[PDB]
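Okay, so here's just one chain, in structure tokens, the form deposited in one PDB entry.
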């Protein structure tokens, strides 16, 4: 039952090989939250890739 989803508020184009690309309104799943400005998660056929946390809204459970 444990969910960790976020909703993109802004588009983001991956700048490094291990980064996620997504568009606004995307639901990014299984998110690990770290406090250095970078989180990782699953979207668009990508698994556990990195994205900047200031691009998203946490979907509280």
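Residue numbers count along the first chain shown, from 1.
Undergrad: Look up the CA B-factors in the entry and say which stretch, 14-22 or 49-57, has the higher mean.
TA: On average, C-alpha B-factors are higher across 14-22.
Undergrad: By its CA B factor, does residue 44 count among the lowest, middle or highest third of the modelled residues in the chain?
TA: Top third by C-alpha B-factor.
What comes next is about the form solved in complex with a partner chain, which is not displayed.
Undergrad: Taking 4.5 angstroms as the cut-off for heavy atoms, does residue 37 touch its partner chain in the entry with it bound?
TA: Yes - in the entry with it bound, heavy atoms of residue 37 and its partner chain come within 4.5 Å of each other.
Undergrad: Check residue 22 for me: does it contact its partner chain in the entry with it bound (non-hydrogen atoms, 4.5 angstroms)?
TA: Outside the cut-off, so no.
Undergrad: Although its partner chain is absent from this view, report whether residue 16 comes within 4.5 Å of it in the entry with it bound, heavy atoms only.
TA: So residue 16 counts as contacting its partner chain.
Undergrad: At the 4.5 Å heavy atom threshold, is residue 43 in contact with its partner chain in the entry with it bound?
TA: No, residue 43 is distant from the partner.
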